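Structure file data37.cif with mmCIF, C-alpha atoms and all ligand atoms:
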```cif
data_input
loop_
_atom_site.group_PDB
_atom_site.id
_atom_site.type_symbol
_atom_site.label_atom_id
_atom_site.label_comp_id
_atom_site.auth_asym_id
_atom_site.auth_seq_id
_atom_site.Cartn_x
_atom_site.Cartn_y
_atom_site.Cartn_z
ATOM 1 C CA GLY A 1 10.091 -82.921 -102.830
ATOM 2 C CA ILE A 2 11.780 -86.236 -103.384
ATOM 3 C CA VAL A 3 11.585 -87.209 -99.674
ATOM 4 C CA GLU A 4 7.935 -86.605 -99.526
ATOM 5 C CA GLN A 5 7.387 -88.404 -102.810
ATOM 6 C CA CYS A 6 9.569 -91.404 -102.232
ATOM 7 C CA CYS A 7 10.264 -91.810 -98.591
ATOM 8 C CA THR A 8 7.222 -90.505 -96.789
ATOM 9 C CA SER A 9 5.014 -91.672 -99.565
ATOM 10 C CA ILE A 10 6.066 -94.257 -102.119
ATOM 11 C CA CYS A 11 7.390 -93.714 -105.535
ATOM 12 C CA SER A 12 8.163 -95.673 -108.629
ATOM 13 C CA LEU A 13 11.504 -95.820 -110.343
ATOM 14 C CA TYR A 14 10.047 -93.578 -113.043
ATOM 15 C CA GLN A 15 9.131 -90.975 -110.462
ATOM 16 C CA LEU A 16 12.705 -91.239 -109.175
ATOM 17 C CA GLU A 17 13.852 -90.260 -112.660
ATOM 18 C CA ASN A 18 12.256 -86.962 -112.026
ATOM 19 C CA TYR A 19 15.284 -86.048 -110.017
ATOM 20 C CA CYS A 20 17.871 -86.918 -112.604
ATOM 21 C CA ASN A 21 19.696 -84.234 -114.357
ATOM 22 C CA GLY B 1 24.079 -115.033 -116.690
ATOM 23 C CA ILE B 2 22.752 -111.753 -115.336
ATOM 24 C CA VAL B 3 25.020 -111.722 -112.290
ATOM 25 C CA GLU B 4 28.045 -112.001 -114.526
ATOM 26 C CA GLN B 5 26.691 -109.787 -117.297
ATOM 27 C CA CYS B 6 26.030 -106.860 -115.013
ATOM 28 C CA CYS B 7 29.432 -107.053 -113.520
ATOM 29 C CA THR B 8 31.720 -107.855 -116.473
ATOM 30 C CA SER B 9 29.633 -105.881 -118.930
ATOM 31 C CA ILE B 10 26.477 -103.798 -118.326
ATOM 32 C CA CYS B 11 22.892 -104.599 -117.865
ATOM 33 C CA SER B 12 19.674 -102.737 -117.825
ATOM 34 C CA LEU B 13 17.001 -102.403 -115.199
ATOM 35 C CA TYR B 14 14.772 -104.078 -117.701
ATOM 36 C CA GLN B 15 17.013 -107.108 -117.839
ATOM 37 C CA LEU B 16 17.069 -107.155 -114.094
ATOM 38 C CA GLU B 17 13.307 -107.054 -113.958
ATOM 39 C CA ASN B 18 13.298 -110.499 -115.494
ATOM 40 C CA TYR B 19 14.665 -111.856 -112.240
ATOM 41 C CA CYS B 20 11.778 -110.703 -110.102
ATOM 42 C CA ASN B 21 9.471 -113.359 -108.869
ATOM 43 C CA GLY C 1 35.321 -84.142 -111.910
ATOM 44 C CA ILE C 2 34.673 -85.298 -108.361
ATOM 45 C CA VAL C 3 32.922 -88.509 -109.384
ATOM 46 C CA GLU C 4 35.940 -89.523 -111.405
ATOM 47 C CA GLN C 5 38.518 -88.136 -108.987
ATOM 48 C CA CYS C 6 37.209 -90.090 -106.039
ATOM 49 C CA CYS C 7 37.171 -93.273 -107.964
ATOM 50 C CA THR C 8 40.361 -93.150 -110.065
ATOM 51 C CA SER C 9 42.305 -91.265 -107.428
ATOM 52 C CA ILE C 10 41.220 -90.153 -103.928
ATOM 53 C CA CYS C 11 39.181 -87.357 -102.614
ATOM 54 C CA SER C 12 38.490 -85.819 -99.299
ATOM 55 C CA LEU C 13 35.287 -85.284 -97.400
ATOM 56 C CA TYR C 14 36.062 -81.634 -97.739
ATOM 57 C CA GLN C 15 36.090 -81.873 -101.503
ATOM 58 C CA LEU C 16 32.853 -83.752 -101.342
ATOM 59 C CA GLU C 17 31.312 -81.067 -99.196
ATOM 60 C CA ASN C 18 31.548 -78.752 -102.166
ATOM 61 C CA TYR C 19 28.829 -80.774 -103.845
ATOM 62 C CA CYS C 20 26.226 -80.206 -101.175
ATOM 63 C CA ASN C 21 23.425 -77.911 -102.060
ATOM 64 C CA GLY D 1 28.064 -95.021 -76.583
ATOM 65 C CA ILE D 2 28.149 -94.515 -80.310
ATOM 66 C CA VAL D 3 24.553 -95.773 -80.787
ATOM 67 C CA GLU D 4 23.203 -93.403 -78.283
ATOM 68 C CA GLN D 5 25.266 -90.560 -79.690
ATOM 69 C CA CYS D 6 24.661 -91.124 -83.352
ATOM 70 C CA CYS D 7 21.648 -93.264 -83.847
ATOM 71 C CA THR D 8 19.323 -92.481 -80.985
ATOM 72 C CA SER D 9 20.504 -88.940 -80.927
ATOM 73 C CA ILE D 10 22.305 -87.295 -83.819
ATOM 74 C CA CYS D 11 25.948 -86.829 -84.298
ATOM 75 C CA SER D 12 28.307 -84.991 -86.549
ATOM 76 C CA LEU D 13 31.038 -86.559 -88.599
ATOM 77 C CA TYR D 14 33.522 -85.142 -86.097
ATOM 78 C CA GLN D 15 31.755 -86.909 -83.263
ATOM 79 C CA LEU D 16 31.940 -90.086 -85.353
ATOM 80 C CA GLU D 17 35.712 -89.649 -85.375
ATOM 81 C CA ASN D 18 35.589 -90.256 -81.709
ATOM 82 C CA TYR D 19 35.310 -93.914 -82.473
ATOM 83 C CA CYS D 20 38.276 -94.165 -84.771
ATOM 84 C CA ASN D 21 41.350 -95.855 -83.631
ATOM 85 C CA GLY E 1 45.304 -108.728 -91.926
ATOM 86 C CA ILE E 2 41.614 -109.488 -92.320
ATOM 87 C CA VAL E 3 40.806 -106.238 -94.111
ATOM 88 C CA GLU E 4 43.404 -107.025 -96.731
ATOM 89 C CA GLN E 5 42.746 -110.763 -96.827
ATOM 90 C CA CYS E 6 39.068 -110.376 -97.566
ATOM 91 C CA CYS E 7 39.713 -107.965 -100.324
ATOM 92 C CA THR E 8 42.806 -109.349 -102.091
ATOM 93 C CA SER E 9 41.871 -112.949 -101.413
ATOM 94 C CA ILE E 10 38.772 -114.377 -99.676
ATOM 95 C CA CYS E 11 37.729 -114.766 -96.145
ATOM 96 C CA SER E 12 35.077 -116.587 -94.279
ATOM 97 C CA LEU E 13 32.362 -115.388 -91.968
ATOM 98 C CA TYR E 14 34.110 -117.433 -89.360
ATOM 99 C CA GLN E 15 37.306 -115.480 -89.807
ATOM 100 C CA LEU E 16 35.319 -112.310 -89.602
ATOM 101 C CA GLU E 17 33.714 -113.433 -86.384
ATOM 102 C CA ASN E 18 37.110 -113.174 -84.762
ATOM 103 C CA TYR E 19 36.873 -109.412 -85.073
ATOM 104 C CA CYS E 20 33.733 -109.056 -83.013
ATOM 105 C CA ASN E 21 34.142 -107.564 -79.621
ATOM 106 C CA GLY F 1 8.457 -115.973 -94.882
ATOM 107 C CA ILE F 2 11.877 -114.415 -94.735
ATOM 108 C CA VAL F 3 10.501 -110.940 -93.855
ATOM 109 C CA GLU F 4 8.560 -112.242 -90.984
ATOM 110 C CA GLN F 5 11.476 -114.353 -89.820
ATOM 111 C CA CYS F 6 14.236 -111.834 -90.187
ATOM 112 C CA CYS F 7 12.821 -108.388 -90.362
ATOM 113 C CA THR F 8 9.691 -108.430 -88.263
ATOM 114 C CA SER F 9 11.218 -110.926 -85.944
ATOM 115 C CA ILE F 10 14.940 -111.568 -85.730
ATOM 116 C CA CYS F 11 16.912 -114.248 -87.357
ATOM 117 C CA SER F 12 20.356 -115.711 -87.246
ATOM 118 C CA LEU F 13 22.692 -116.021 -90.172
ATOM 119 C CA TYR F 14 21.934 -119.744 -90.189
ATOM 120 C CA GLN F 15 18.237 -119.043 -90.528
ATOM 121 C CA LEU F 16 19.113 -116.719 -93.412
ATOM 122 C CA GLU F 17 20.730 -119.708 -95.106
ATOM 123 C CA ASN F 18 17.315 -121.163 -95.321
ATOM 124 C CA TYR F 19 16.712 -118.935 -98.273
ATOM 125 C CA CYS F 20 19.770 -119.889 -100.242
ATOM 126 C CA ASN F 21 19.437 -121.981 -103.261
ATOM 127 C CA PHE G 1 38.964 -87.252 -91.687
ATOM 128 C CA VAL G 2 40.792 -89.515 -94.054
ATOM 129 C CA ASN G 3 40.963 -89.402 -97.816
ATOM 130 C CA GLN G 4 38.514 -91.507 -99.654
ATOM 131 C CA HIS G 5 38.562 -93.882 -102.556
ATOM 132 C CA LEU G 6 34.953 -94.018 -103.655
ATOM 133 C CA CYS G 7 33.465 -95.433 -106.770
ATOM 134 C CA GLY G 8 30.033 -95.961 -107.987
ATOM 135 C CA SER G 9 27.305 -95.780 -105.413
ATOM 136 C CA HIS G 10 29.908 -95.462 -102.621
ATOM 137 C CA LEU G 11 30.439 -91.947 -103.704
ATOM 138 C CA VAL G 12 26.762 -91.202 -103.481
ATOM 139 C CA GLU G 13 26.569 -92.636 -99.993
ATOM 140 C CA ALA G 14 29.548 -90.444 -99.013
ATOM 141 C CA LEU G 15 27.865 -87.396 -100.477
ATOM 142 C CA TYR G 16 24.709 -88.297 -98.575
ATOM 143 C CA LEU G 17 26.646 -88.549 -95.274
ATOM 144 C CA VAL G 18 28.586 -85.387 -95.899
ATOM 145 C CA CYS G 19 25.676 -83.186 -96.999
ATOM 146 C CA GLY G 20 22.943 -84.365 -94.749
ATOM 147 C CA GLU G 21 19.874 -82.246 -94.984
ATOM 148 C CA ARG G 22 21.457 -79.953 -97.501
ATOM 149 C CA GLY G 23 21.427 -82.704 -100.071
ATOM 150 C CA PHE G 24 23.807 -82.624 -102.971
ATOM 151 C CA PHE G 25 24.193 -83.009 -106.665
ATOM 152 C CA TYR G 26 25.842 -85.942 -108.296
ATOM 153 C CA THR G 27 27.363 -85.040 -111.566
ATOM 154 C CA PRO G 28 29.514 -87.624 -113.316
ATOM 155 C CA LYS G 29 31.393 -86.928 -116.452
ATOM 156 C CA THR G 30 29.700 -87.659 -119.736
ATOM 157 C CA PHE H 1 8.954 -102.311 -111.514
ATOM 158 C CA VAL H 2 7.455 -101.397 -108.194
ATOM 159 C CA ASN H 3 6.561 -98.489 -105.910
ATOM 160 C CA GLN H 4 8.301 -98.559 -102.554
ATOM 161 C CA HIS H 5 9.527 -96.331 -99.639
ATOM 162 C CA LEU H 6 12.983 -95.168 -100.361
ATOM 163 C CA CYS H 7 14.558 -93.134 -97.591
ATOM 164 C CA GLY H 8 17.856 -91.671 -96.696
ATOM 165 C CA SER H 9 20.883 -93.230 -98.195
ATOM 166 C CA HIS H 10 18.621 -95.809 -99.892
ATOM 167 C CA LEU H 11 16.901 -93.002 -101.697
ATOM 168 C CA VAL H 12 20.124 -91.618 -103.011
ATOM 169 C CA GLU H 13 21.300 -95.100 -103.938
ATOM 170 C CA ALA H 14 18.091 -95.515 -105.912
ATOM 171 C CA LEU H 15 18.652 -92.175 -107.598
ATOM 172 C CA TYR H 16 22.163 -93.308 -108.512
ATOM 173 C CA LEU H 17 20.690 -96.450 -109.964
ATOM 174 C CA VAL H 18 17.995 -94.724 -111.915
ATOM 175 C CA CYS H 19 19.995 -91.736 -113.130
ATOM 176 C CA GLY H 20 23.550 -92.994 -113.338
ATOM 177 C CA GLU H 21 25.562 -90.917 -115.779
ATOM 178 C CA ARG H 22 22.839 -88.314 -116.123
ATOM 179 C CA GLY H 23 23.556 -87.479 -112.549
ATOM 180 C CA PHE H 24 20.879 -86.294 -110.179
ATOM 181 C CA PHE H 25 20.136 -83.895 -107.427
ATOM 182 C CA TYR H 26 19.027 -84.904 -103.997
ATOM 183 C CA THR H 27 17.366 -81.902 -102.416
ATOM 184 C CA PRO H 28 15.424 -82.901 -99.335
ATOM 185 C CA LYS H 29 14.546 -79.301 -98.455
ATOM 186 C CA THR H 30 12.699 -78.986 -101.774
ATOM 187 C CA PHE I 1 29.011 -81.170 -92.706
ATOM 188 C CA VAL I 2 25.845 -82.112 -90.920
ATOM 189 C CA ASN I 3 24.441 -83.885 -87.861
ATOM 190 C CA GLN I 4 22.186 -86.812 -88.661
ATOM 191 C CA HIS I 5 20.840 -90.168 -87.288
ATOM 192 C CA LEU I 6 23.170 -92.902 -88.245
ATOM 193 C CA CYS I 7 22.024 -96.359 -87.234
ATOM 194 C CA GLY I 8 22.988 -99.912 -87.754
ATOM 195 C CA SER I 9 24.963 -100.719 -90.801
ATOM 196 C CA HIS I 10 24.743 -97.039 -91.828
ATOM 197 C CA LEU I 11 26.528 -96.124 -88.654
ATOM 198 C CA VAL I 12 29.351 -98.489 -89.337
ATOM 199 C CA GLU I 13 29.508 -97.342 -92.946
ATOM 200 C CA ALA I 14 29.845 -93.791 -91.664
ATOM 201 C CA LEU I 15 32.579 -94.870 -89.282
ATOM 202 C CA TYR I 16 34.370 -96.518 -92.201
ATOM 203 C CA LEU I 17 34.064 -93.294 -94.113
ATOM 204 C CA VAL I 18 35.257 -91.097 -91.321
ATOM 205 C CA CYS I 19 38.028 -93.322 -89.989
ATOM 206 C CA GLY I 20 39.186 -95.297 -92.993
ATOM 207 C CA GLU I 21 42.736 -96.514 -92.504
ATOM 208 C CA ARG I 22 42.804 -95.487 -88.865
ATOM 209 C CA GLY I 23 40.251 -98.167 -88.337
ATOM 210 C CA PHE I 24 37.537 -97.884 -85.741
ATOM 211 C CA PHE I 25 35.624 -99.772 -83.161
ATOM 212 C CA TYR I 26 31.905 -100.197 -83.188
ATOM 213 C CA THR I 27 30.844 -101.093 -79.674
ATOM 214 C CA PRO I 28 27.107 -100.729 -79.260
ATOM 215 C CA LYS I 29 27.145 -102.127 -75.718
ATOM 216 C CA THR I 30 29.404 -99.249 -74.652
ATOM 217 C CA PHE J 1 28.213 -120.072 -95.265
ATOM 218 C CA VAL J 2 30.255 -119.242 -98.300
ATOM 219 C CA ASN J 3 33.616 -117.554 -98.531
ATOM 220 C CA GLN J 4 33.594 -113.877 -99.068
ATOM 221 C CA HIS J 5 35.375 -111.408 -101.259
ATOM 222 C CA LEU J 6 34.888 -108.119 -99.472
ATOM 223 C CA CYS J 7 36.562 -104.833 -100.034
ATOM 224 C CA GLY J 8 36.121 -101.441 -98.679
ATOM 225 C CA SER J 9 32.894 -100.770 -96.881
ATOM 226 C CA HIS J 10 31.583 -104.233 -97.863
ATOM 227 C CA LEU J 11 33.838 -105.668 -95.281
ATOM 228 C CA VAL J 12 32.458 -103.378 -92.639
ATOM 229 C CA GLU J 13 28.909 -104.322 -93.517
ATOM 230 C CA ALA J 14 29.906 -108.006 -93.249
ATOM 231 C CA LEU J 15 31.487 -107.395 -89.873
ATOM 232 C CA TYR J 16 28.334 -105.588 -88.789
ATOM 233 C CA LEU J 17 26.145 -108.552 -89.852
ATOM 234 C CA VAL J 18 28.437 -111.104 -88.306
ATOM 235 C CA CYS J 19 28.960 -109.381 -84.946
ATOM 236 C CA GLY J 20 25.581 -107.937 -84.302
ATOM 237 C CA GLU J 21 25.268 -106.489 -80.871
ATOM 238 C CA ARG J 22 28.786 -107.446 -79.974
ATOM 239 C CA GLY J 23 30.130 -104.914 -82.415
ATOM 240 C CA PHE J 24 33.588 -105.282 -83.825
ATOM 241 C CA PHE J 25 36.815 -103.564 -84.585
ATOM 242 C CA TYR J 26 37.937 -102.666 -88.037
ATOM 243 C CA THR J 27 41.644 -102.579 -88.315
ATOM 244 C CA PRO J 28 43.174 -102.152 -91.756
ATOM 245 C CA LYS J 29 46.838 -102.305 -92.392
ATOM 246 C CA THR J 30 48.795 -99.089 -92.282
ATOM 247 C CA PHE K 1 16.770 -95.581 -117.055
ATOM 248 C CA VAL K 2 20.451 -95.966 -117.662
ATOM 249 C CA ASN K 3 22.485 -99.108 -118.098
ATOM 250 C CA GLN K 4 24.105 -100.475 -115.046
ATOM 251 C CA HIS K 5 27.473 -101.819 -114.089
ATOM 252 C CA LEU K 6 26.777 -103.819 -110.964
ATOM 253 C CA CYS K 7 28.952 -106.259 -109.165
ATOM 254 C CA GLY K 8 28.681 -108.125 -106.006
ATOM 255 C CA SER K 9 26.087 -106.918 -103.574
ATOM 256 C CA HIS K 10 25.335 -103.903 -105.814
ATOM 257 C CA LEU K 11 23.517 -106.217 -108.084
ATOM 258 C CA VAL K 12 21.419 -107.528 -105.255
ATOM 259 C CA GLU K 13 20.508 -104.030 -104.162
ATOM 260 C CA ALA K 14 19.496 -103.252 -107.769
ATOM 261 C CA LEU K 15 17.377 -106.376 -107.913
ATOM 262 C CA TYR K 16 15.789 -105.380 -104.615
ATOM 263 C CA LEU K 17 14.926 -101.895 -105.964
ATOM 264 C CA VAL K 18 13.666 -103.222 -109.252
ATOM 265 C CA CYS K 19 11.503 -106.049 -107.890
ATOM 266 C CA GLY K 20 10.095 -104.505 -104.800
ATOM 267 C CA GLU K 21 7.461 -106.623 -103.207
ATOM 268 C CA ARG K 22 7.741 -109.254 -105.870
ATOM 269 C CA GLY K 23 11.177 -110.178 -104.638
ATOM 270 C CA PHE K 24 13.620 -111.885 -106.919
ATOM 271 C CA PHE K 25 16.070 -114.678 -107.290
ATOM 272 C CA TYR K 26 19.778 -114.204 -107.364
ATOM 273 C CA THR K 27 21.480 -116.860 -109.331
ATOM 274 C CA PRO K 28 25.188 -116.483 -110.020
ATOM 275 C CA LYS K 29 27.108 -118.823 -112.186
ATOM 276 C CA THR K 30 28.788 -121.775 -110.559
ATOM 277 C CA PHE L 1 27.170 -114.894 -84.816
ATOM 278 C CA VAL L 2 24.100 -113.003 -83.767
ATOM 279 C CA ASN L 3 20.346 -112.682 -84.294
ATOM 280 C CA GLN L 4 19.241 -109.295 -85.560
ATOM 281 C CA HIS L 5 16.468 -107.470 -87.546
ATOM 282 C CA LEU L 6 17.334 -107.501 -91.161
ATOM 283 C CA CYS L 7 14.922 -105.600 -93.363
ATOM 284 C CA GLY L 8 14.621 -104.465 -96.890
ATOM 285 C CA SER L 9 17.769 -104.060 -98.830
ATOM 286 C CA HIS L 10 19.737 -105.038 -95.697
ATOM 287 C CA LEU L 11 17.969 -108.350 -95.711
ATOM 288 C CA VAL L 12 18.904 -109.049 -99.270
ATOM 289 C CA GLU L 13 22.454 -107.890 -98.619
ATOM 290 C CA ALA L 14 22.597 -110.369 -95.756
ATOM 291 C CA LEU L 15 21.250 -113.100 -98.002
ATOM 292 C CA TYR L 16 23.950 -112.244 -100.537
ATOM 293 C CA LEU L 17 26.508 -112.515 -97.793
ATOM 294 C CA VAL L 18 25.246 -115.772 -96.436
ATOM 295 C CA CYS L 19 24.461 -117.495 -99.724
ATOM 296 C CA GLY L 20 26.885 -115.980 -102.192
ATOM 297 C CA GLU L 21 27.451 -118.315 -105.116
ATOM 298 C CA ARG L 22 24.650 -120.632 -104.070
ATOM 299 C CA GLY L 23 22.357 -117.793 -104.884
ATOM 300 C CA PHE L 24 19.148 -117.190 -103.007
ATOM 301 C CA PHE L 25 15.575 -116.201 -103.384
ATOM 302 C CA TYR L 26 14.025 -113.232 -101.711
ATOM 303 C CA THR L 27 10.288 -113.783 -101.664
ATOM 304 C CA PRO L 28 8.599 -111.374 -99.296
ATOM 305 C CA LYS L 29 5.103 -112.531 -100.267
ATOM 306 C CA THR L 30 5.964 -116.030 -99.028
HETATM 307 CL CL CL M 1 32.335 -102.016 -104.799
HETATM 308 CL CL CL M 2 16.651 -98.367 -92.918
HETATM 309 ZN ZN ZN M 3 19.332 -98.884 -94.462
HETATM 310 ZN ZN ZN M 4 30.488 -101.826 -103.470
#
```

Rewrite the coordinates I just gave you, this time as structure tokens.
Amino acid sequence: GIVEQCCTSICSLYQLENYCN
Amino acid sequence: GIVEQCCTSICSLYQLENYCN
Amino acid sequence: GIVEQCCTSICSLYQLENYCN
Amino acid sequence: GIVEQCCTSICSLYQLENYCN
Amino acid sequence: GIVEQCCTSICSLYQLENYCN
Amino acid sequence: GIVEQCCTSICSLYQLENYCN
Amino acid sequence: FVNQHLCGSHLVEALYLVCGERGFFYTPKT
Amino acid sequence: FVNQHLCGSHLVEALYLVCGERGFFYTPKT
Amino acid sequence: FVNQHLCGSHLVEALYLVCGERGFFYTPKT
Amino acid sequence: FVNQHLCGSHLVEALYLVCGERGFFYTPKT
Amino acid sequence: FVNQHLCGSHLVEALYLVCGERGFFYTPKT
Amino acid sequence: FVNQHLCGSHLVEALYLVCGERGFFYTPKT
């Protein structure tokens, strides 16, 4: 999920947008 | 400038990106 | 909604708790 | 103290209230 | 007090330092 | 640089002022 | 707990603290 | 833009930034 | 509500949240 | 250092940065 | 991405998120 | 004042605090 994608691993701001509604 | 624009108006991430080194 | 209520008025932690998954 | 309770170990929001005046 | 002063007016780091334990 | 000075090692608020314009 | 006056990202931080591992949804108007 | 570690409240703050008025969900359990 | 690790400025932010107008003390030395 | 305009939790973060390990007390009016 | 309304330190956090390892300069008026 | 670890967004927040209207540069690459 988001934590794995962005905290444990790294994510871009575009990947963060995956979690917008 | 950007610091004022973002606060008194709005600004985009893209405008912000101009301030990266 | 809550995002507006907390900002234009006040809201409680208990009201916030309703927004947890 | 608070750091041991809430940072080193974990604490609830109620335990945090222990440190209110 | 300081909490009000810093918000409604301005305050310095030096004034803040008075609130350290 | 600043990260080495203040994150990896520790820095004072005066050392932080080194990075003001 | 005390009532809260939270705008912008402060609300999101409050939601984060309140919901912990449950997470939360942030749903502004419009 | 960059790729970085975003954790905890910083992650939700980043979501707020990125999503804003769209809103977002933060669901650490998946 | 939840139990989490709250450290550093996040700890004081949480205290602000929880205590608000009551105020609080943050005394890491104990 | 520069003068500060700090409201809400921003004041608490400033106190945290200023006081470090000494900690601090946050004491709003009323 | 959405447009942003960012004041004070919120702008700095946004710059930090946007610029990542590149870093950034923060240059207010006056 | 104190000496502490200031990292990431907390570092830039501290720079904002310390520098304010002077502005600052955050250049992690050196
Ligand atoms: Cl604010
Ligand atoms: Cl952190
Ligand atoms: Zn942090
Ligand atoms: Zn703020």

Considering only C-alpha atoms, extract the chain K residues located within 12 Å of chain H and return them as a PyMOL selection string.
chain K and resi 1-6+10-11+13-24

Chain fit, chain E moved to chain F over all Cα pairs in order, as a tab-separated table (two decimals) with C-alpha atoms, keeping the file's coordinate frame:
```
chain	number	residue	atom	x	y	z
E	1	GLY	CA	8.17	-116.32	-93.57
E	2	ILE	CA	11.82	-115.35	-93.33
E	3	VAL	CA	11.34	-111.91	-94.86
E	4	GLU	CA	8.78	-111.08	-92.22
E	5	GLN	CA	10.53	-112.91	-89.39
E	6	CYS	CA	13.78	-111.03	-89.82
E	7	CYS	CA	12.05	-107.74	-89.87
E	8	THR	CA	9.32	-108.05	-87.22
E	9	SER	CA	11.40	-110.32	-85.01
E	10	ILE	CA	14.99	-111.55	-85.49
E	11	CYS	CA	16.58	-114.20	-87.53
E	12	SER	CA	19.89	-115.88	-87.71
E	13	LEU	CA	22.39	-116.20	-90.50
E	14	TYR	CA	21.73	-119.88	-90.25
E	15	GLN	CA	18.06	-119.38	-90.96
E	16	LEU	CA	18.99	-117.18	-93.85
E	17	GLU	CA	21.28	-119.83	-95.23
E	18	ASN	CA	18.23	-121.95	-95.89
E	19	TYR	CA	17.25	-119.53	-98.63
E	20	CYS	CA	20.38	-120.00	-100.68
E	21	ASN	CA	20.00	-121.92	-103.86
```

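Selection result for the displayed file, with the PyMOL selection byres (((chain C and resi 1) around 12) and not hetatm) as criterion, is residues 2, 3, 4, 5, 6, 7, 8, 9, 10, 11, 15, 16, 18 and 19 of chain C; 26, 27, 28, 29 and 30 of chain G.
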
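Atom CA of residue 20 of chain E is found 27.8 Å from atom CA of residue 13 of chain C.
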
Do you have the atom ZN of ligand ZN 4 (chain M)-atom CA of residue 21 of chain E distance handy?
24.8 Å

Students should find that atom CA of residue 17 of chain C and atom CA of residue 14 of chain A are spaced 28.3 Å

With the input short on atoms, add N, CA and C atoms back to segment 2-15 of chain E and write it as a compact mmCIF listing (two decimals), keeping the file's coordinate frame.
```txt
# COMPACT_ATOMS: atom_id res chain seq x y z
N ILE E 2 42.95 -109.09 -91.80
CA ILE E 2 41.61 -109.49 -92.32
C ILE E 2 41.10 -108.54 -93.37
N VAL E 3 41.32 -107.23 -93.20
CA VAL E 3 40.81 -106.24 -94.11
C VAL E 3 41.43 -106.43 -95.47
N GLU E 4 42.72 -106.70 -95.50
CA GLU E 4 43.40 -107.02 -96.73
C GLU E 4 43.04 -108.41 -97.28
N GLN E 5 43.03 -109.42 -96.41
CA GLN E 5 42.75 -110.76 -96.83
C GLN E 5 41.41 -110.86 -97.54
N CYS E 6 40.40 -110.23 -96.98
CA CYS E 6 39.07 -110.38 -97.57
C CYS E 6 38.98 -109.70 -98.90
N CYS E 7 39.81 -108.71 -99.10
CA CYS E 7 39.71 -107.96 -100.32
C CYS E 7 40.61 -108.52 -101.42
N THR E 8 41.83 -108.93 -101.06
CA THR E 8 42.81 -109.35 -102.09
C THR E 8 42.64 -110.86 -102.32
N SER E 9 42.11 -111.53 -101.31
CA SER E 9 41.87 -112.95 -101.41
C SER E 9 40.39 -113.19 -101.06
N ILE E 10 40.13 -114.13 -100.15
CA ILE E 10 38.77 -114.38 -99.68
C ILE E 10 38.88 -114.62 -98.23
N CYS E 11 37.75 -114.51 -97.57
CA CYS E 11 37.73 -114.77 -96.14
C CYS E 11 36.37 -115.32 -95.80
N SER E 12 36.32 -116.01 -94.68
CA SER E 12 35.08 -116.59 -94.28
C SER E 12 34.41 -115.80 -93.19
N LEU E 13 33.11 -116.04 -93.05
CA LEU E 13 32.36 -115.39 -91.97
C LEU E 13 32.98 -115.77 -90.61
N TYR E 14 33.54 -116.96 -90.58
CA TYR E 14 34.11 -117.43 -89.36
C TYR E 14 35.36 -116.67 -89.01
N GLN E 15 36.15 -116.35 -90.03
CA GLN E 15 37.31 -115.48 -89.81
C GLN E 15 36.89 -114.11 -89.39
```
